[PDB]
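Here the structure is laid out as structure tokens; the discussion comes afterwards.
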DNA sequence: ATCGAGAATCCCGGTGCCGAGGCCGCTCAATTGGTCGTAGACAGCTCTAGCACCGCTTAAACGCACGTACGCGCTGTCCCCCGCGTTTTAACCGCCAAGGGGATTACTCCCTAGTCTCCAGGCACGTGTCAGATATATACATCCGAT
DNA sequence: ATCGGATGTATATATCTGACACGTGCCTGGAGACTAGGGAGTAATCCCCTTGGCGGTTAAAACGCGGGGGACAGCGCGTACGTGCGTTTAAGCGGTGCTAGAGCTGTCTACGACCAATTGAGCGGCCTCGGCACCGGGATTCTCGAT
Ligand SMILES: [Zn+2]
Ligand SMILES: [Zn+2]
């Protein structure tokens, strides 16, 4: 299962995941293959925030899904 | 071309209402236009400041009346206020 | 309890501490400074709005405020204020 | 009701005001003219202040109305509000 | 195409005529230099604001509206030129 | 009113009411504009214009003329007292100055 | 500049950028307010405030005092060529007047 | 121009007496690009940690501040996930008299204790404020398996 | 007393002071650094952070920023580095 | 025999003293009564905030001080030292207040 | 045998003649050249609308007429009939133009 | 040119008081993120008029000479503010008492901005004609030297 | 005191020319009907602050008197300014030539308005201690009648 994610830099990243895999595993894969901690990294699909607690299977994620990645920076 | 608005027709109508025989030249027309614009700007600015100072958001008649009472001297202000009240009363019915 | 009333007290005191690290300010002079800040702000904003409306525009960008500052202030204060504001905008953008 | 209160501005008051103004010698007819001009100025300010406090549907002439009137006349005042 | 020492264009008879309109019966001999200085100061003050107004508009010609606006800002409102 | 004629005719005026209303709305004076404010403003403007024009017409007739020129406007404004205070700082172009000579400057008896 | 901090700190200012922006937007000055206007205006206001405050503190120290009073503000305002021109008609409450005696009135 | 001479003089200054626990050097051909290495302080939960960071020098120096970013990942309230550093002395407290040695010393001093006033990340900040033990344990479990 | 050789060095460019200026907070810099600082920096004392905006504006027209006595002392005592500049 | 100062040498002392001072030169109660009497003509039974009276007094004193400065300048111009009503009249005419 | 007027009557006749008319009193080309010189001193390569030059000339003439009225009043105030530079300076000082 | 005595002003030290700068609790507005209708930047075209040049007048400017009237300095006179001492008046500080209305909150209602559709009011353009400026020729007010 | 030049100003009349007054096509902005939603009107309540009042005590105001300095009128002068006439000059008017640049138009891309959630900057209330105000003592310095 290859999933495309596009960040704010326009880079398309292909990730190998499973429908039963939780978003925690996906975030661990992202931090391993990109070197960015998952605290500031979350997925966007169909205009809905992908909360880390809920798994991918509950979102009906299908083959070759397109995800958006946006960096969030907090004031201070 | 582009249209340029002016109060020339209305000033001419008022002049013909007051003096049926006298005419008016171009320079006096421009002077009247400038005077009308200046008075409009003065009254509108004073009314806006009055509306803002009292935590309001609309310019009703009474703000205009108080602006007129503030700007014009005694007799002119009294006559203008009377005329404005008469016009509003005639308009509302 | 009464409602909130806003003022420029904290920022003026911070500027005073930045200028003289050992001098306080009385309340009367504090209110005077607050009134001065309000007066200058109103003057600049009104001039900028008039200038923007004179050119058939609908927005107040830094150009209008800069021209208003040039018009309102004397010869040297205008130059220094323009320099400060240009520096602030340049630092804010990047 | 009150009457004949312009005499409250005594001669030493005018003399002290002139002394602050930088005046060394004062004639004897200055006081009446000064009282007249002060009265005129007070009427001019008070008329605008009373109009301002009448517009707001109030009954007490707050200091903010006086500040507004002075600013309108061209004599901006610092310290009492604004 | 620069211009040098052009303040002399406001000659003595012009100042005399202006004073006569003002209501002066007798004129001293040192009035003219002071009047020329005052006129230069006033013209500089007005033209500075006019040039600033034409600068803000990204335009290369000063129009009557800019001078009218500068005079209105300076406190001496002018009638009969539009506005 | 009858709510059948034009707005300026309904209020019994001559200056426009729609144009004044639009100028008030688009002039960035307030968020909202009342329904009676433009009528009052137009009435005030019309009264002031009528007063000035009447004075100028009288001045022109006194000078054996039929057209209002800036000189007549300047004379009418200056000779009045209320309008003189209202337009104290206004400079009428091509208007001139009132004729007067100080008493001292007159020839000795 | 980097994001993720207060707007008053991105430009290095001390006056509030957000409050100035809100006042400009809700002040009935124009339909739309640009992004760069509040920063520029706040910088100008802060510069003027610092300019007046420095001279006021200098006068206060010259008067053997460590607390700014309106008299020091009047002294600082009227002793500067440009600030006097800017604050022409302004009357500072309880500010007094500058010491000045005409040379003709002085004794011979 | 003047920036080249200033950079050369200060790299000489760091050469003939480097402060302890701090190293720095220009790896790229351009003098603006620099790298720096900091070892974990003894009085910290980051024991045994080594951190590599990069420094970018703007065109005009020293009147404009330089930029510093940690290449490595560290669980710190004042640091960002991507390596962006939120330090007071860089942007609103920059001064021409400051040098790279001083700013690295300040970075180490704040690595001794995170600033609670203006944290970069709020969740880890409030976790740290909640209890010291949880913050220490989580900082350890991040740093010992990220430093090496 | 004779000033120390350590103190006469400029803090900003680490060069011998040339026509230096003294800030009201008793911090001295060479004028080449000071003139370039004002246009595009915080316009304050670098070691100290003390605003000198009014001081700078007042002195610039008077052209009295440079300290004559300090400049003369180092210029006379150590002319050799001044000449090579 | 008792010591008496020359005419005019103590007026300079008064000028020096009052220019340094910043207090109010007119008494409070007479000015308050005058303000109330002036105001009651336009509308009845007004109530005055004390700050309004204070501001009115400050403005009046500032205006009178400025007027006395200008009239003293006019008197000096007229090759005199005393100030006379015609000096004040000329100053107000030039300033455009009365026209 | 030749007839000439006493000094003073021609001045009164000129005053009465000039106050009655409204034409401009300064030659147009010298004033326009002066305005162009000042503008080019301010900003280089500027072009002027004719109406702008006319407006500047009208404003300057009105200002100078007012200044001369005030100067005449000042000169009369000091038991004189000639206008002198100190009269202009005093009028400008009282008007607040130069302080 | 000065000495010295009477008097006003400034320095210094000691004591007391209240207001200003720091701290804590807290409610709301500034920040972040995203979405979307629109404004003004830009390239392109037209065509207005501001600039430069020339030549011919003749109206205003310039320089010089003559006289005269008035701006300034001086002298003298006089009278009226100034400075000081004494007496009478109410300003001011403090205190207490009462209540008018400014300020706040909750509820409801109706006034106006927004929308679309329709149409005529005035705006640019054109043409006819007479109000007034120009020139020419009388009639009267006014200024000046002098009996 | 006016008399008679002598000048300038006011007044009656022909005329013809460009600006004012009016007619016309049309198109852009004003007018008309309907909805919804927020701003403002209105009623009830609190307690803040404004008005009224009395006692004392004392700094400030009112009154009177001696007099010295400055306001003011008159005289004399000589120098700067008005008035007029001949001359050099640059303004003023006409006509033409042209191109810089103001003004209008089509695209569309990026800057800015709107809305929810959220939490930290800023505001209200407390408080305490140090800077400022006041008083008593002494040193310093303008000042004037007499040398
Ligand atoms: Zn240096
Ligand atoms: Zn320093």
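Quick check, is residue D:23 touching a helix residue (DSSP H, G or I) at 6+ places or on another chain (Cβ under 9 Å), at the interface with chain J (Cβ under 7 Å from one of its Cβ atoms) and either in a helix (DSSP H, G or I) or within 19 Å of residue J:54 (Cβ to Cβ) (or both)? Here the answer is no, as residue D:23 does not meet what is asked. Inside segment K:41-53, residues that are part of a helix (DSSP H, G or I) and either more than 9 Å from DNA strand L (Cβ to nearest atom) or within 7 Å of chain E (Cβ to nearest Cβ) (or both) make up a count of 4. Got at least one residue in segment E:15-28 being within 14 Å of the chain's Cα centre (by Cα) and either farther than 21 Å from residue C:47 by Cα or within 16 Å of DNA strand L (Cβ to nearest atom) (or both)? Checked segment E:15-28: at least one residue is within 14 Å of the chain's Cα centre (by Cα) and either farther than 21 Å from residue C:47 by Cα or within 16 Å of DNA strand L (Cβ to nearest atom) (or both). So is residue D:69 more than 16 Å from ligand 1 (Cβ to nearest atom) and crowded, with 22+ Cβ neighbours inside 10 Å or not? Yes: the conditions hold for residue D:69.
Residue count for segment E:29-38, restricted to those that are surrounded by fewer than 15 Cβ atoms within 10 Å (Cβ to Cβ) and either at the interface with chain K (Cβ under 8 Å from one of its Cβ atoms) or part of a helix (DSSP H, G or I) (or both): 3.
Take the conditions on the phi < 0 side of the Ramachandran plot and more than 7 Å from chain K (Cβ to nearest Cβ) and apply them to residue E:4. Does it pass? Taking the combined requirement at face value, the residue satisfies it. Within segment D:62-77, does at least one residue satisfy the condition of being more than 7 Å from every other protein chain (Cβ to nearest Cβ) and over 24 Å from residue B:67 (Cβ atoms)? No, because not a single residue in segment D:62-77 is more than 7 Å from every other protein chain (Cβ to nearest Cβ) and over 24 Å from residue B:67 (Cβ atoms). Search segment C:62-78 for residues being within 7 Å of chain G (Cβ to nearest Cβ) and crowded, with 18+ Cβ neighbours inside 10 Å, and hand back the single one that is nearest to residue C:15 (Cα to Cα). If we take residues in segment C:62-78 being within 7 Å of chain G (Cβ to nearest Cβ) and crowded, with 18+ Cβ neighbours inside 10 Å, then C:77 is nearest to residue C:15 (Cα to Cα). Tallying residues that are near DNA strand M (Cβ under 10 Å from one of its atoms), touching a residue at least 24 places away in the same chain (Cβ under 8 Å) and either closer than 19 Å to residue D:67 by Cα or part of a loop (DSSP other than H, G, I, E, B) (or both) within segment C:1-33 yields 2.
Yes/no matrix, rows are residues, columns are (1) assigned to a helix (DSSP H, G or I); (2) within 7 Å of another protein chain (Cβ to nearest Cβ); (3) away from ligand 2 (no atom under 16 Å from the Cβ); (4) exposed (fewer than 13 other Cβ atoms within 10 Å of the Cβ):
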site: J:3; (1), (2), (3), (4): no, no, yes, yes
site: J:6; (1), (2), (3), (4): no, no, yes, yes
site: J:22; (1), (2), (3), (4): no, yes, yes, no
site: J:25; (1), (2), (3), (4): no, yes, yes, no
site: J:36; (1), (2), (3), (4): yes, yes, yes, no
site: J:39; (1), (2), (3), (4): yes, yes, yes, no
site: J:55; (1), (2), (3), (4): yes, yes, yes, no
site: J:87; (1), (2), (3), (4): yes, no, yes, no
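If I filter segment J:71-85 down to residues being more than 7 Å from chain D (Cβ to nearest Cβ) and surrounded by fewer than 22 Cβ atoms within 10 Å (Cβ to Cβ), which single residue comes out as farthest from residue K:78 (Cα to Cα)? Residue satisfying both the conditions and the ranking: J:73.
Evaluated against (1) surrounded by 14 or more Cβ atoms within 10 Å (Cβ to Cβ); (2) farther than 23 Å from residue C:76 by Cβ; (3) away from ligand 2 (no atom under 16 Å from the Cβ), residue I:6 falls short on exactly one condition, (1). Listed by position, the helices (runs of 4 or more DSSP H) enclosed by segment H:40-147 that each have at least 3 residues that are more than 29 Å from residue I:48 (Cα to Cα) are H:122-130, H:132-147. Residues of segment C:14-27 that are closer than 11 Å to residue G:68 by Cβ and surrounded by fewer than 18 Cβ atoms within 10 Å (Cβ to Cβ): C:24, C:26, C:27.
When residues in segment B:28-38 are screened for being within 7 Å of another protein chain (Cβ to nearest Cβ) and buried (at least 19 other Cβ atoms within 10 Å of the Cβ), 7 of them pass.
Of the strands (runs of 3 or more DSSP E) entirely within chain A, those holding at least 1 residues that are loosely packed, with under 12 Cβ neighbours inside 10 Å and in contact (Cβ under 8 Å) with a residue 24 or more places away in the chain occupy A:2-6. Residues in segment I:35-62 that are more than 19 Å from residue G:12 (Cα to Cα) and more than 15 Å from ligand 1 (Cβ to nearest atom): I:54, I:55, I:56, I:57, I:58, I:59, I:60, I:61, I:62. Residues in segment E:39-50 include at least one that is closer than 30 Å to residue K:7 by Cα, more than 16 Å from ligand 1 (Cβ to nearest atom) and either facing another protein chain (nearest Cβ under 7 Å) or surrounded by fewer than 20 Cβ atoms within 10 Å (Cβ to Cβ) (or both).
Are any residues in segment I:12-34 exposed (fewer than 15 other Cβ atoms within 10 Å of the Cβ) and within 12 Å of ligand 1 (Cβ to nearest atom), and if so, which ones? Matches in segment I:12-34: I:14 only.
Filtering segment J:8-20 to residues that are facing chain G (nearest Cβ under 9 Å) and either assigned to a loop (DSSP other than H, G, I, E, B) or on the phi > 0 side of the Ramachandran plot (or both) leaves J:8, J:9.
Inside segment B:48-60, residues that are surrounded by 21 or more Cβ atoms within 10 Å (Cβ to Cβ), in a helix (DSSP H, G or I) and facing chain F (nearest Cβ under 7 Å) make up a count of 1. Quick check on residue J:42: is it within 11 Å of DNA strand M (Cβ to nearest atom) and free of Cβ contacts under 8 Å to residues at least 24 places away in the same chain? For residue J:42, the condition - within 11 Å of DNA strand M (Cβ to nearest atom) and free of Cβ contacts under 8 Å to residues at least 24 places away in the same chain - is not met.
Selection of segment G:20-70 for residues being touching a strand residue (DSSP E or B) at 6+ places or on another chain (Cβ under 9 Å), more than 23 Å from residue C:89 (Cα to Cα) and surrounded by fewer than 24 Cβ atoms within 10 Å (Cβ to Cβ) yields G:57, G:59, G:66, G:67, G:69, G:70. Take the conditions (1) under 19 Å from residue J:56 (Cβ atoms); (2) in a loop (DSSP other than H, G, I, E, B); residue D:14 misses just one of them, which is (2).
Coordinate-derived values only; no laboratory data. Quick reminder, even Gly has a Cβ in these numbers, built from the backbone with ideal geometry, and neighbours come from all protein chains shown.
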